[PDB]
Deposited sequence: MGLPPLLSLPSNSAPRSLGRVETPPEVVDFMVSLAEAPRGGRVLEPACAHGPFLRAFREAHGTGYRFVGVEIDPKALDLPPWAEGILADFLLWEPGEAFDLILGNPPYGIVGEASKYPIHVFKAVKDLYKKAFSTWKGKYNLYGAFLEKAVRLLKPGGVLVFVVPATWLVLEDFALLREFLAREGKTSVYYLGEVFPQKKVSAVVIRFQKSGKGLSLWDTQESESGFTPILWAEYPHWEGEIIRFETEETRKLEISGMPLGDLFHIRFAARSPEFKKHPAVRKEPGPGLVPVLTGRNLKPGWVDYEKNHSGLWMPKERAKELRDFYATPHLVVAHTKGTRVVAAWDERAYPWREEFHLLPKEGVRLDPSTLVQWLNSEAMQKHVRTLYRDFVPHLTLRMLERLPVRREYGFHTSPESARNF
């Protein structure tokens, strides 16, 4: 929260409304965007603010305050411009309300997130040609739970995404400003440069036929690398480890070492290019040959790629086939032949790190399945014929 001034200024500069138009700020509180817009564009507008907490609603006399749950409020009028910084979070009573939300919002998938709902509601309250400018996390660009939100936006209007990054005081959230015009078109991806005067936009690329696919920062080098290799997801089955509880509810699993016992490995045992079979980080041990009973692949030496180490590719070949409590487990597909040592070297390479960092920056904190499935494998490390 607490939208930094330079961010509010940037958003206000992308905003527009016809003289007399209705300007709305959902989850307004004291109305930071209502005020800023008026100061920058003028008084000739109808300013409206919606707040649910009667103790937060602190608006000037020129603004029409409204106490309601934006997500469930049904006004009788559409709006020209919607400005705001929607609440970031899940389920906030809670589960009770959540179900009404789940039935009210069509883009709601998985645990979703409140900001996605605000976006859909906002678009639905917009009149044709209307404009919304929101600051939100960058997770919806790549995450699976936001696939429906992406399709929605793509089909309802033209979308512009301005990458800001980690601009808020709390540093682990990457922000993005979305400028949506309810006048169908495609997607424009912009980057920004932070200077003393604030942000300066820089057009990165445009996708006029965008229909909701993941948004990435592509360059000629990424494109090149991807067309000249095959997707890792065509050569391997990506499997998931058993969660810690499965192990604890499994007999033969001890919480103290002993002879014949092997440590249940975690992401701390995975190093770039090697596995540390020595240090136990889970506090669980079990007879190696018994791991096969939790997941069959535990008995097969295979490739392990990290999902806990952030947005980078850390991989190793588990030659010993130990039980794992996490990470991605890759099993080659039928007929795929590969060179483990060179594949591993390739995945941990600088070029691979540069490639991934270029595309997804810091949108999300960990490498996801969708990012992993598309990693290009040079045909000289593995192939299916």
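Numbered from 1 along the deposited sequence, what ranges are absent from the coordinates? Missing CA coords at 1 to 20, 113 to 120, 414 to 421.
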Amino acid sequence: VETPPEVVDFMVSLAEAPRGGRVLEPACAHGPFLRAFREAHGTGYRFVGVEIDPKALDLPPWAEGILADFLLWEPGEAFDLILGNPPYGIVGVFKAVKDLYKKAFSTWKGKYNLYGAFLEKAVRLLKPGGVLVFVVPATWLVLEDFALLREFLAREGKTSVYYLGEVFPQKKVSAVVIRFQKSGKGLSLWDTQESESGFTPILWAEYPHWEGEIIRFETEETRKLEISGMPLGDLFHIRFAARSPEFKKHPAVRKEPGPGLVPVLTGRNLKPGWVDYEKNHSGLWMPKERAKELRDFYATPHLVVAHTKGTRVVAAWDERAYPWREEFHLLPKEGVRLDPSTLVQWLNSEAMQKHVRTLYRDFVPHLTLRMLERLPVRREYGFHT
From here on, numbers count along this sequence of modelled residues.
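On mean C-alpha B-factor from the PDB entry, just flag whether 288 to 296 or 146 to 154 is the higher one. Averaging CA B-factors over each stretch, the winner is 288 to 296.
Averaging the C-alpha B factors as listed in the entry, name the stretch that ends up higher: 95 to 103 or 167 to 175. The recorded data point to 95 to 103.
Go through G89, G84, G283, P208 one by one and give the residue whose Cα B-factor in the PDB entry is largest. In this record, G89 carries the highest C-alpha B-factor of the candidates.
Which listed residue, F118, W274, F240, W140, has the largest C-alpha temperature factor in the record? The C-alpha B-factor peaks, among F118, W274, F240, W140, at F240.
Report the third (lowest, middle or highest) to which the CA temperature factor of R216 belongs, ranking only the modelled residues of the same chain. Lowest third - that is where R216 ends up once the chain's C-alpha B-factors are sorted.
Taking the C-alpha B-factors as the PDB entry records them, is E64 in the lowest, middle or highest third of its chain? For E64, the deposited C-alpha B-factor lands in the highest third.
Going by the entry, which third of its chain does the Cα temperature factor of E326 land in? Middle third - that is where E326 ends up once the chain's C-alpha B-factors are sorted.
Within this chain, which third does the Cα B-factor at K224 fall in: lowest, middle or highest? Middle third - that is where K224 ends up once the chain's C-alpha B-factors are sorted.
Taking the values exactly as deposited, rank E278 by C-alpha B-factor within its chain and report the matching third: lowest, middle or highest. As the PDB entry reports it, the C-alpha B-factor of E278 lands in the highest third of its chain.
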